[PDB]
Structures are given as structure tokens and as C-alpha cells.
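For reference, the structure is listed below as C-alpha cells.
To find a chain, count down the sequence lines: A is the first, B the second, and so on, and within it residues start at 1. Numbering of ligands and ligand atoms starts at 1, following listing order.
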Amino acid sequence: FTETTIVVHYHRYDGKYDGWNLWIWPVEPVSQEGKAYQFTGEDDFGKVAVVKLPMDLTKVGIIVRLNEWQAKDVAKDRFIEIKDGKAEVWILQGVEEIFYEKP
Amino acid sequence: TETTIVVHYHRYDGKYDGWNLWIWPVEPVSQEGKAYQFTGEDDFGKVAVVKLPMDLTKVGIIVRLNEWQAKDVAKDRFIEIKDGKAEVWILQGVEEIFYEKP
Ligand SMILES: OC[C@H]1O[C@H](OC[C@H]2O[C@H](O[C@H]3[C@H](O)[C@@H](O)[C@@H](O[C@H]4[C@H](O)[C@@H](O)[C@@H](O)O[C@@H]4CO)O[C@@H]3CO)[C@H](O)[C@@H](O)[C@@H]2O)[C@H](O)[C@@H](O)[C@@H]1O
Ligand SMILES: OC[C@H]1O[C@H](O[C@H]2[C@H](O)[C@@H](O)[C@@H](O[C@H]3[C@H](O)[C@@H](O)[C@@H](O)O[C@@H]3CO)O[C@@H]2CO)[C@H](O)[C@@H](O)[C@@H]1O
């Protein structure tokens, strides 16, 4: 009831992940300004971020960004819908759709 | 009387051997297809230049391993042809076919 964890998987075609990070903000039920979250791990798809937020969230915004906004990978705001304080998504470079199962 | 399709294909495993394209005309005629091989490569992965000596507005495509050992996305998909040309980008396990480089 007081924490949300989102696992984000990210794949780039060149395999070069240095500096890329995730700008994530609470949308629902209570909106807040965002913060930056770093990748923590790796798997065969690319990098993995385990993002922990100290509230029970049903929706967050996300942008994939290079360092402190040097670039965005998909420039528009996107969102992740969350059930029971846990979600897991897969994001591909330059692909707008956020996937809820591994391609 | 010519259709040229450039197909770009990315696999996140980097293992492209044996993958090929089954492409068939769909409008204004439908015919049995043929296999087309990847001819080249770039930073996104493999490239196939597919030429069909017919005027077409639509073709079907399946990405397959060898002679139907597997399909990467196991439903028929289609490419729209514009003024006799198409260039698309296909990603492993992603249903949507893209008409600009991701
Ligand atoms: O007015 C105060 C306000 O505070 C919070 O809402 C702030 C803000 O939250 C949301 O903004 C998102 C943007 O939509 C999203 O693009 C991104 O902004 C990035 C840019 O994309 C970068 O280009 C660069 O400029 O940096 C910014 C981040 O600083 O992230 C923000 C959130 O951080 C929302 O969409 C906006 O409407 C909101 O103003 C409270 O939630 C809100 O209740 C309160 O009113
Ligand atoms: O006249 C032949 C046929 O053309 C069109 O069929 C296409 C299929 O829809 C399409 O799936 C693909 O079929 C292949 C299968 O997917 C594959 O598993 C395996 O069986 O090989 C098949 C190809 O030999 O391609 C064909 C075109 O070649 C059209 O949809 C049919 O209605 C039509 O009968």
C-alpha cells in the first residue's frame, strides 16, 4: 500500500547505454514532478532499471533521456499503467509503444 | 511495372543466420510468394532489397527462419507500397512494421 516498483527494460540498437537514464514522474493517484533513475542491471535485451517509489501509484510518466536532457529517446511524454504497486515494461529505442511483455 | 521494397530487420540477439523474408503480392493481385534473402547490412541490422516486376500497392510479409523452421511474428503482415517503393523497419517480436528508422 505504500510502495511501487517498476522494472524497466531498455534496448538500443548499438548496445551503448552509457549515460542513458529514466525520468519518471507520478501521475495517478497523486501527481508530482519527476526524478531521474539509473539502470541497475543488464540482461539479454539490454539494460534493466528497478525503480522504487515510496507511494502506491497506478500511473507514472516516463521519458528515456541521455544524462541531464542532452537528448530524449522518443521525445513525447509516455506513461506506464501499474496494478498492485508493480509493473514491468520493455522499451525499444525510437519505438513509441511501451510493451508489457518481452518482444 | 516494378515494385522495390527495402526491408531493415533487427534482432536483439544479433544472430541473423538463416532468417529470410517470405513476400507475396496482395494488391492489385494476390499470388503465391517467394523467399527473399538479406542482401546487406547497416547499423540497425540486416537489409533486403526486394524487387517484384509488378505494379503493386500492397504485399504480404512473414519473417521466417530457413524453410519455415520458425516465424518471427506468426501472423500475416503487410507493407503498403507508395509510388512503387517501400522502405520499412521490422523488429524481432514487434508486430508493427515501421516506415521510418526507429
Ligand atoms: O505546477 C506545479 C505542479 O508540480 C507538479 O507537476 C509538474 C508537472 O508535471 C508534469 O510534467 C512532466 C512533463 O510533462 C514531462 O515532459 C517532463 O518534463 C521534462 C521535460 O520533458 C524536459 O524536456 C525538461 O524540460 O525537463 C522537464 C522536467 O523538469 O517531466 C515533467 C514532470 O517532472 C505535468 O505533465 C505538468 O503538467 C506539470 O506541470 C505536480 O504534479 C502538479 O500537481 C503541480 O501543479
Ligand atoms: O494462392 C496462394 C495463397 O496466397 C496467399 O497466401 C499466403 C498466406 O496467407 C501466407 O501465410 C503465406 O503462407 C505460407 C505460410 O504462412 C507458411 O506457414 C507455409 O505454410 O508456407 C506458406 C507459403 O507456401 O504466404 C502465402 C502466399 O505464398 C493468400 O492469403 C491465400 O489465400 C492464397 O491461397
Check your understanding: Is B:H10 close to A:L92 at the side-chain level, that is, under 4.5 Å between some pair of heavy atoms?
Key -> no
**Study point:** Amino acids contacting ligand 2, non-hydrogen cut-off under 4.0 Å
**Key:** B:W22, B:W24, B:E32, B:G33, B:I62, B:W68, B:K71, B:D76
Point to revise | Qualifying residue for side-chain hydrogen bond (donor to acceptor under 3.5 Å, both in side chains) with A:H9, from A:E88, A:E42, A:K47, A:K102 | key: A:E88
Check your understanding: Would you say the ring centroid of B:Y16 lies under 6.0 angstrom from that of B:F38?
Key -> no
Could you pull out every N or O of ligand 1 that sits under 3.5 Å from a protein N or O, with the distance for each pair?
{"residue": "ligand 1", "atom": "14 (O)", "partner": "A:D77", "partner atom": "OD2", "Å": "2.6"}
{"residue": "ligand 1", "atom": "16 (O)", "partner": "A:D77", "partner atom": "OD1", "Å": "2.6"}
{"residue": "ligand 1", "atom": "16 (O)", "partner": "A:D77", "partner atom": "OD2", "Å": "3.4"}
{"residue": "ligand 1", "atom": "21 (O)", "partner": "A:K72", "partner atom": "NZ", "Å": "2.8"}
{"residue": "ligand 1", "atom": "23 (O)", "partner": "A:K72", "partner atom": "NZ", "Å": "3.0"}
{"residue": "ligand 1", "atom": "26 (O)", "partner": "A:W69", "partner atom": "NE1", "Å": "3.2"}
{"residue": "ligand 1", "atom": "29 (O)", "partner": "A:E33", "partner atom": "OE2", "Å": "2.8"}
{"residue": "ligand 1", "atom": "30 (O)", "partner": "A:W23", "partner atom": "NE1", "Å": "3.0"}
{"residue": "ligand 1", "atom": "33 (O)", "partner": "A:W23", "partner atom": "NE1", "Å": "3.2"}
{"residue": "ligand 1", "atom": "33 (O)", "partner": "A:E33", "partner atom": "OE1", "Å": "2.9"}
{"residue": "ligand 1", "atom": "33 (O)", "partner": "A:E33", "partner atom": "OE2", "Å": "2.9"}
{"residue": "ligand 1", "atom": "33 (O)", "partner": "A:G34", "partner atom": "N", "Å": "2.8"}
{"residue": "ligand 1", "atom": "41 (O)", "partner": "A:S31", "partner atom": "O", "Å": "3.1"}
{"residue": "ligand 1", "atom": "41 (O)", "partner": "A:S31", "partner atom": "OG", "Å": "3.0"}
{"residue": "ligand 1", "atom": "41 (O)", "partner": "A:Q32", "partner atom": "N", "Å": "3.0"}
{"residue": "ligand 1", "atom": "43 (O)", "partner": "A:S31", "partner atom": "OG", "Å": "3.2"}

Check your understanding: Heavy-atom distance under 4.5 Å between the side chains of A:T5 and A:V51, does that happen here?
Key -> no
Check your understanding: What pairs with B:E2 under salt bridge (charged side-chain N to carboxylate O under 4.0 Å, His left out), at least two apart in sequence or on another chain?
Key -> none
Exercise for review: Determine yes or no for a side-chain-to-main-chain donor-acceptor pair under 3.5 angstrom, with A:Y10 supplying the side chain and A:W20 the backbone.
Suggested key: no
Check your understanding: Hey, are the side chains of A:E3 and A:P54 touching, using non-hydrogen atoms and a 4.5 Å cut-off?
Key -> no
Point to revise | ring pair (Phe, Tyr, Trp, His ring centres under 6.0 Å) involving B:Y36 - partner list, sequence neighbours excluded | key: none
Point to revise | Close side-chain approach of A:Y13 to B:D43, heavy-atom, < 4.5 Å | key: no
